[PDB]
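Reading through the structure tokens given below for one structure.
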Number of protein chains: 2
Amino acid sequence: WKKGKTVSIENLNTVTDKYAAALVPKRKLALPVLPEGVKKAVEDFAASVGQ
Amino acid sequence: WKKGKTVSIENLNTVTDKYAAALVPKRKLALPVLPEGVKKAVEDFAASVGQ
């Protein structure tokens with residue numbers, strides 16, 4: 001913020017991003033989330049062998 | 001084979017294909033062979049989550 005200026009939505013969002021970065025724990029578990037591209041690729045192969 | 005003709009390698013191969021078709025059992029197990037494209041796609045995702 002500047003005495004003569006006017007704050008923009010972009011600066012407000014980048015500051016909000018730093019707040020969300022603090023919510024991220026310094027150490028976290030690498031819990032694997034199955035991607036849809038991988039999920040369906042496996043399902044297609046399983047259906048190819050009739051399973 | 002024809003009295004005036006001469007057999008070609010293509011006809012001999014198509015006849016050999018029928019012999020190999022007889023080796024295929026009428027009923028068989030759908031044993032799934034993991035494709036390289038699927039094998040590496042899974043390995044890439046596992047390495048992406050650090051595993």
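Chain lettering (A, B, ...) mirrors the order of the structure tokens, residue numbering begins at 1 for each chain separately, and ligand numbering begins at 1 in order of display.
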Can you show chain A as a compact mmCIF listing (two decimals) with C-alpha atoms, in the first residue's frame once it has been least-squares superposed onto chain B, using every C-alpha atom paired in order?
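Result file part_20.txt:
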```txt
# COMPACT_ATOMS: atom_id res chain seq x y z
CA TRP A 1 0.03 -75.80 -56.37
CA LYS A 2 -0.92 -75.85 -60.07
CA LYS A 3 0.50 -78.05 -62.83
CA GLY A 4 1.61 -75.05 -64.89
CA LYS A 5 2.24 -72.54 -62.11
CA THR A 6 4.92 -72.14 -59.43
CA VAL A 7 4.11 -71.74 -55.75
CA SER A 8 5.09 -68.47 -54.07
CA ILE A 9 6.46 -67.82 -50.59
CA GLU A 10 3.31 -65.89 -49.64
CA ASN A 11 1.01 -68.89 -50.11
CA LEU A 12 3.44 -71.11 -48.20
CA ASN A 13 3.41 -68.64 -45.30
CA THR A 14 -0.39 -68.39 -45.17
CA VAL A 15 -0.59 -72.19 -45.01
CA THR A 16 1.99 -72.17 -42.20
CA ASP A 17 -0.21 -69.63 -40.40
CA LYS A 18 -3.07 -72.14 -40.36
CA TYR A 19 -0.74 -74.67 -38.72
CA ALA A 20 0.15 -72.17 -35.99
CA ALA A 21 -3.56 -71.44 -35.56
CA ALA A 22 -4.13 -75.11 -34.74
CA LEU A 23 -1.52 -74.89 -31.97
CA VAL A 24 -3.66 -72.22 -30.26
CA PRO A 25 -5.86 -74.08 -27.74
CA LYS A 26 -9.61 -73.73 -28.18
CA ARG A 27 -9.83 -72.60 -24.54
CA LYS A 28 -6.99 -70.70 -22.88
CA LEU A 29 -6.23 -68.66 -19.77
CA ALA A 30 -6.16 -64.88 -20.15
CA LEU A 31 -2.82 -64.52 -18.39
CA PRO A 32 -2.18 -60.74 -18.25
CA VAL A 33 1.21 -59.64 -19.61
CA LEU A 34 2.12 -56.21 -18.26
CA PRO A 35 2.74 -53.87 -21.22
CA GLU A 36 5.88 -51.76 -21.18
CA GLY A 37 3.78 -48.64 -21.69
CA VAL A 38 1.74 -49.46 -18.59
CA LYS A 39 4.72 -50.76 -16.60
CA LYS A 40 6.72 -47.55 -17.00
CA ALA A 41 3.67 -45.29 -16.60
CA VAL A 42 3.14 -46.74 -13.12
CA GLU A 43 6.86 -46.54 -12.31
CA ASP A 44 6.91 -42.88 -13.34
CA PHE A 45 4.01 -42.06 -11.01
CA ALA A 46 5.66 -43.98 -8.16
CA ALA A 47 8.87 -42.00 -8.66
CA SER A 48 6.82 -38.79 -8.79
CA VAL A 49 5.63 -39.42 -5.22
CA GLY A 50 9.22 -40.25 -4.29
CA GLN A 51 8.64 -44.01 -3.99
```
Enumerate, as a PyMOL selection string, the complete set of residues in chain A that a backbone-based DSSP assignment places in helix (DSSP H, G or I).
chain A and resi 9-23+36-48
